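K.L.:
Got a structure here, written out as structure tokens. Questions coming.
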Amino acid sequence: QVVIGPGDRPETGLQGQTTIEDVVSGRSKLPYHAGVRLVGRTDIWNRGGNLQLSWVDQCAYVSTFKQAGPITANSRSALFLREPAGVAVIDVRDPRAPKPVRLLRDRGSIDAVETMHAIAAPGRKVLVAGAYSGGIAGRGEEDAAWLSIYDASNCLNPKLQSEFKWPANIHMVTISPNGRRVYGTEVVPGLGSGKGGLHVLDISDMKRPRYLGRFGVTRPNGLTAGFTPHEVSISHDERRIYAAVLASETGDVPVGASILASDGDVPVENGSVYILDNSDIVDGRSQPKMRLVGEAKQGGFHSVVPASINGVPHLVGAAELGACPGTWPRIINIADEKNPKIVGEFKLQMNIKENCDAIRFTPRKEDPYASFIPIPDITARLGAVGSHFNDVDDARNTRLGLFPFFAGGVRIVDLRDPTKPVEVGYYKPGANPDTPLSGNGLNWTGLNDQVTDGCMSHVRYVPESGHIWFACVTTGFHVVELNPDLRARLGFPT
Amino acid sequence: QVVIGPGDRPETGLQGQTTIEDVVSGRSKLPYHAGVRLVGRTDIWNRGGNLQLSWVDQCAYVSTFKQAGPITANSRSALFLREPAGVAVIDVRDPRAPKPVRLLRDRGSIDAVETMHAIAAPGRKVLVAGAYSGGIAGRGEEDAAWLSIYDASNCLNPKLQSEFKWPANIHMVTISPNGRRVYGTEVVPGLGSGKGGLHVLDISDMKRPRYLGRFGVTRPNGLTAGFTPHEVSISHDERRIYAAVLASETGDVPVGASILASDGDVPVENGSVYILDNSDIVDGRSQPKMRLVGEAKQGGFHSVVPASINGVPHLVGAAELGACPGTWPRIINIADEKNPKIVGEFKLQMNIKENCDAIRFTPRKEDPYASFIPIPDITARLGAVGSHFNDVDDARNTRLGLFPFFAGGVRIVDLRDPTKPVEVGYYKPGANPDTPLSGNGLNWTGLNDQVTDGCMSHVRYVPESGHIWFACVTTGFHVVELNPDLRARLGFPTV
């Protein structure tokens, strides 16, 4: 429950809503927030087009995504890939004043979109960024699925070690805890057919990457089939891979509407979460083998991450975006990994269909053009309110969900009762119109950059300071923190 | 054939195209033109949201359309109907400097959209404007299908005479040549079913209009059925009605895809043109009918107008908008009104499918998301290049097609060979971002007001001066004229 206080600038409509009233008046261009305060912010050379966030030490890395389109060839998108496109390196040594220092514009980093990860490991700090658009069949080598691999030993100045070409389009990457392997998901072109897999690259020698292969899922029946995971997270000892999965080649997982549509509704499906035994790779066994340990149907197809709630291991998964009522995270008990169980969900008021209808300017039953000339309601011209990543504060001691909801901003959720997650705060960053990467009315995401903004990045929590890092599309990189009152109340130290 | 000279500012890509190059560089915000020159322009208090153009003497009237949606109740749209929404009255006594002087914000004029017409007749100057969104079932009287009727005898100051409530949604209106009747089309809710008709209002007494009823189409076989005409034009003697028709209740007229769909997908259909005998109403026959004389299949569902090319009677009809290759005018010979024949078509290069494909950033065959997550090519995020009205210079002595192509601007077409219409000029007005009526990214038409503009209005030609009048959504009211060399080539007399 959000208890609104003196510092707060609360939502003026339904929970999760950007009101047309605020859009017309200009109010929507300023931030809305409850339970939090802003520590620092940078618009990253006022560039727009920001997507993913990764980090090493006190450095933030923020990717960009081109307006030309998610799988459009980079070779045809030169008009959209000039500076300031690229992975921005941000100095957060003073979180009051995060400062963009440089731009990484190599084959993988110039248009990384969601494909970027970094990790600090023993003797190794590594940032990788890949061409999200790369490797579509029939294109030239310039448009291949490049992965730029950087030594981030000095996080302010990552050094290109090599550029590897995947033999397929890779959608999202996750570096192993030891920093020696990159796991890259393949969702294209298979998509709903489930004909894809999980690729693994050995980067033990960062200058000589060694491809290990493309893995399907091996079930207790002894059979191996493709799947289309969007992202994976990895257990501390690398023996478990938690995958957010769109579909399985077995046909096991139902597939639904476009996450970027508006009517027809037609729900977007949640997909499935896989718990995968990865011990073969960890122990260097020949012909590995990712074995299905357990499955949570409806677990979330876009991102799944580990959590520990009151000492009980959990996962938080979600689909992404979607026309109202959108998509939202589910809380998954995995105390018995062979039998994961959804025990809770976090929904905003704008994730209830009755509410989507109620706010419409034109009731659907009154629209004679509904089939003949479909026209989205004016309320559908702002941006989806639904998940785009779904992180937690601390995998080892979870209290908070840190949930980007795209146009709904970042939602701060008390997860201490996994069966009943409740919002305790939020931050909607306002608007930043006319940036070079999000302007000119050329967006494809549905986000109205004229009047609002969306947050799409992974979220960091720094336990020693209580700081929370995230990026939003036009408004850039933010450091926020919980109000001291709310923080003390929630069980946090300091 | 466009002959480029000084000081044209020609298109930089295919004929009809707004290049992404020009969008990125900013070039797309400035005008493009050939064969013509700008005489004068007003952005109408910089308001945006402009649609229809009507005129009386040296006055222009320009309507407004709300971002809240074409069919949305006006009572729910207060945030979109404040000034400067309304029918703007523009003084064009000096066409070098047209000036907006007043705003009509009555029930019919506050959100007229396409529903506005004006006529200067003997003893009579009339302007009518109607609530395009009005009369949707299940709504209150505030949201009824109002028609505001103005005495425009002093054209700079139209005086409201009455507000009439039609018993259905009226889509477009056409005042009769004698200024005594208004013909209002009904396309909603029937649309593709063809269940609709043509309504007639007698405005002989402008303060006390009299409803005449709702008419279907009676065929030679004696049977009457509904139709969904979008607009009509009327012969000089009122005895013929030329109707652009979306569908017929008989199922006779193929209906296709959404004109606002980004990407195609199923083709957009052109609809039919009907020639209707309106003698019963004109002569006061009991139980009057509108009798079908001839039909031009694929003639155009949105607008059809009369023309006379080398003394031979024609019609110019078109559908509207549509994903590339859009829609475009067809030239219809009606020498035998019982057997109308399409004899020519005017296409821009952007009305050729192969050209649409050639400019795509991402080929449809390369897109693994084509069905799973449909995303319009970036070239489809600018605005349709397809007809939105399709007028001629002089119905009685036609040389030019004056063809608004929405995002393609206004196209000027030599119609002297009806079998081969060819372009001789064009005007694309640039862009005017951040207007109160078109900004905030809240548009529903597909028009990208950040980088370009769309021209959607009827077009006037003034033979005495050679001036051409049109309105565009954000850039407003324009007066242009033909280069003198172009006039000679076309056979216009000098003036």
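Just so it is clear, none of the values below were taken in a lab; they were calculated from the coordinates. Here the Cβ is made from the backbone with ideal geometry for all residues, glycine too, and neighbour counts use every protein chain on show.
K.L.:
Treat each spin label as a single point 7 Å out from the Cα along the C-beta direction, and report the A:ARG9 to A:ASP394 distance in nm.
P.N.:
For the pair A:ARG9/A:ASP394, the computed spacing is 3.1 nm.
K.L.:
Okay, moving on. Return the calculated 222 nm mean residue ellipticity for chain A, to the nearest 500 deg cm²/dmol, obtained by summing -39500 (n - 2.57) across DSSP H runs with n ≥ 4 and dividing by the residue count. Walk me through the intermediate numbers first.
P.N.:
Working: 4 runs with 22 residues, N = 494.
Dividing the helical sum by the residues of chain A leaves -1000 deg cm²/dmol.
K.L.:
Determine ³J(HN,Hα), in whole Hz, for all residues of segment A:20-34 in sequence, where each value follows from phi through the Karplus function 6.51 cos²θ - 1.76 cosθ + 1.60 and θ = phi - 60°; x replaces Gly and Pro.
P.N.:
Along segment A:20-34, the couplings run 4, 3, 5, 5, 5, 7, x, 4, 5, 7, 9, x, 10, 6, 8 Hz.
K.L.:
Something else: Using Cα pairs under 8 angstrom and six or more residues apart, how large is the relative contact order of chain A, in percent? All intermediate terms of the calculation are to be shown ahead of the outcome.
P.N.:
Details: 1458 pairs, mean separation 73.5, N = 494.
It rounds to 15 percent for chain A.
K.L.:
While we're here: What is the sum of charges around B:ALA384, taking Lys and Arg as +1, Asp and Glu as -1, for the other residues whose C-beta is under 15 Å from the C-beta of B:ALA384? Write down the numbers at each step before the final one.
P.N.:
Working: positive: B:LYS347, B:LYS353, B:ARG381, B:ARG411, B:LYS428; negative: B:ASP263, B:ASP265, B:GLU320, B:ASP377, B:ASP449, B:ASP453.
Result for the neighbourhood of B:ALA384: -1.
K.L.:
Once you order the gyration tensor axes a ≥ b ≥ c over the Cα atoms, which shape class does the protein assembly as shown get: rounded for a/c under 1.5, otherwise prolate or oblate by comparing a/b with b/c? Don't skip to the end; give the middle numbers.
P.N.:
On the way: a/c = 2.20, a/b = 2.04, b/c = 1.08.
Prolate is the answer for the protein assembly as shown, as a/c is 1.5 or above and a/b outweighs b/c.
K.L.:
May I ask you to sort B:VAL39, A:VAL305 by Cβ crowding, counting other Cβ atoms within 10 Å and putting the fewest first? Intermediate results must be reported in sequence, preceding the final value.
P.N.:
On the way: B:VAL39 20, A:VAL305 25.
So the ranking, lowest neighbour count to highest, is B:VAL39, A:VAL305.
K.L.:
Another question, if that's okay. Tally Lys/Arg at +1 and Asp/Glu at -1 over every other residue whose Cβ is under 11 Å from the Cβ of B:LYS125; what's the total?
P.N.:
Local net charge: 0.
K.L.:
Go through segment A:78-90 residue by residue and turn each phi into a ³J(HN,Hα) via Karplus (6.51, -1.76, 1.60, θ = phi - 60°); whole Hz please, and just put x for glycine and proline.
P.N.:
With the stated coefficients, segment A:78-90 comes to 4, 5, 10, 10, 5, 3, x, 5, x, 7, 7, 8, 10 Hz.
K.L.:
How high is the FRET efficiency between B:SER153 and B:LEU223 when r is their beta carbon distance and R₀ equals 45 Å, given to the nearest 0.05? All intermediate terms of the calculation are to be shown ahead of the outcome.
P.N.:
Working: r = 43 Å, r/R0 = 0.96.
That gives a FRET efficiency of 0.55.
K.L.:
At B:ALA370 and A:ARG27, where each label point lies 7 Å from the Cα along Cα→Cβ, what is the point-to-point distance in nanometres?
P.N.:
Here the modelled spin labels are 4.6 nm apart.
K.L.:
If you don't mind, another one. Just to confirm my numbers, what's the Cα centroid distance between segment A:421-450 and segment A:271-333 in Å?
P.N.:
Cα centres, segment A:421-450 to segment A:271-333: 28 Å.
K.L.:
With a/c under 1.5 counting as rounded, go ahead and sort chain B into rounded, prolate or oblate using the C-alpha gyration tensor (a ≥ b ≥ c being the square roots of the eigenvalues; past the cut-off, prolate if a/b is larger than b/c, else oblate). Don't skip to the end; give the middle numbers.
P.N.:
Details: a/c = 1.25, a/b = 1.22, b/c = 1.02.
Cα axes put chain B in the rounded bin.
K.L.:
Let me ask something else. Pop out the ³J(HN,Hα) list for segment B:351-360 in order, Karplus 6.51 cos²θ - 1.76 cosθ + 1.60 with θ = phi - 60°, rounded to Hz; leave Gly and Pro as x.
P.N.:
With the stated coefficients, segment B:351-360 comes to 9, 10, 4, 4, 5, 3, 5, 4, 8, 4 Hz.
K.L.:
For B:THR419 paired with A:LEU160, estimate the spin-label separation in nm (one decimal), with each label point 7 Å from Cα along the Cα-to-Cβ line.
P.N.:
Result for the modelled spin labels: 6.2 nm.
K.L.:
Give A:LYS347/A:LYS420; A:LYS338/A:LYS420; A:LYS297/A:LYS338; A:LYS99/A:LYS428; B:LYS195/B:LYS289; A:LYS353/B:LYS66 a once-over and call out the pairs whose C-alpha atoms are over 19 Å from each other. Please report the intermediate quantities before stating the final value.
P.N.:
Details: A:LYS347/A:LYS420 10 Å; A:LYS338/A:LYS420 23 Å; A:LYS297/A:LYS338 13 Å; A:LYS99/A:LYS428 21 Å; B:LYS195/B:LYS289 17 Å; A:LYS353/B:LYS66 26 Å.
As for pairs spanning more than 19 Å Cα to Cα, those are A:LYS338/A:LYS420; A:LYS99/A:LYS428; A:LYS353/B:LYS66.
K.L.:
Magnitude of the Cβ-charge dipole of chain A, K/R +1 and D/E -1, about the Cα centre, nearest 20 debye?
P.N.:
Details: 52 positive and 53 negative charges, 177 e Å.
Roughly 840 debye, rounded to the nearest 20.
K.L.:
Between B:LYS353 and A:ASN310, what's the calculated FRET efficiency when r is the beta-carbon distance and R0 is 56 Å? Round to 0.05. All intermediate terms of the calculation are to be shown ahead of the outcome.
P.N.:
Details: r = 62 Å, r/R0 = 1.10.
With a Förster radius of 56 Å, E is 0.35.
K.L.:
Pull out a ≥ b ≥ c, the square roots of the eigenvalues of the alpha-carbon gyration tensor of segment B:27-108, then state rounded if a/c is under 1.5, prolate if not and a/b is larger than b/c, and oblate in the remaining case. Don't skip to the answer; put the middle values down first.
P.N.:
Details: a/c = 2.53, a/b = 1.53, b/c = 1.65.
Here segment B:27-108 falls in the oblate category.
K.L.:
What does the net charge come to around B:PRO463 if you take all other residues with beta carbon closer than 13 Å to its beta carbon, with K and R at +1 and D and E at -1? Don't skip to the end; give the middle numbers.
P.N.:
Details: positive: B:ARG396, B:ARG399, B:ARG460, B:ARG487; negative: B:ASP393, B:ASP394, B:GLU464, B:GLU481.
It works out to a net charge of 0.
K.L.:
I would also like to ask the following. Would you tell me the mean number of C-beta atoms belonging to other protein chains that fall within 10 Å of each C-beta in B:65-75, as a whole number? If you can, show how the numbers build up before the last one.
P.N.:
On the way: counts 0, 2, 5, 6, 9, 5, 8, 9, 4, 0, 0.
Across B:65-75, the average partner-chain Cβ count within 10 Å equals 4.
K.L.:
Give me, ordered by chain and number, the residues 5 or more places off A:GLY108 or on other chains with an amide H under 5 Å from its own placed amide H.
P.N.:
The answer is A:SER148.
K.L.:
Once you average over the residues of B:364-373, how many Cβ atoms of partner chains fall within 10 Å of each Cβ?
P.N.:
Working: counts 0, 2, 8, 7, 9, 8, 0, 3, 12, 11.
Per-residue shielding by partner chains comes out at 6.
K.L.:
Take peptide B:438-451, look around each residue's Cβ out to 10 angstrom, count Cβ atoms belonging to other protein chains, and average those counts.
P.N.:
On the way: counts 0, 3, 12, 13, 9, 3, 6, 1, 1, 1, 3, 2, 8, 4.
For this peptide, the per-residue mean of nearby foreign Cβ atoms is 5.
K.L.:
For B:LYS195, B:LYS207, B:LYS99, which order do you get if you count the other beta carbons within 10 Å of each Cβ and list the fewest first?
P.N.:
Numbers: B:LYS195 18, B:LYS207 10, B:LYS99 15.
Least crowded to most crowded, the residues run B:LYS207, B:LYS99, B:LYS195.
K.L.:
What is the packing order of peptides A:198-205, A:263-270, taking the mean over residues of other C-beta atoms within 10 Å and listing the highest first? Kindly include the intermediate steps, with their values, before the conclusion.
P.N.:
On the way: A:198-205: 19.1, A:263-270: 17.0.
Sorting A:198-205, A:263-270 by mean packing, highest first, produces A:198-205, A:263-270.
K.L.:
Neighbour counts of other C-beta atoms within 10 Å: give me A:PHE405, A:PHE470 arranged from fewest to most. Show your work: numbers first, answer last.
P.N.:
Working: A:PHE405 32, A:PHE470 25.
Exposure proxy ranking, most exposed first: A:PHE470, A:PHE405.
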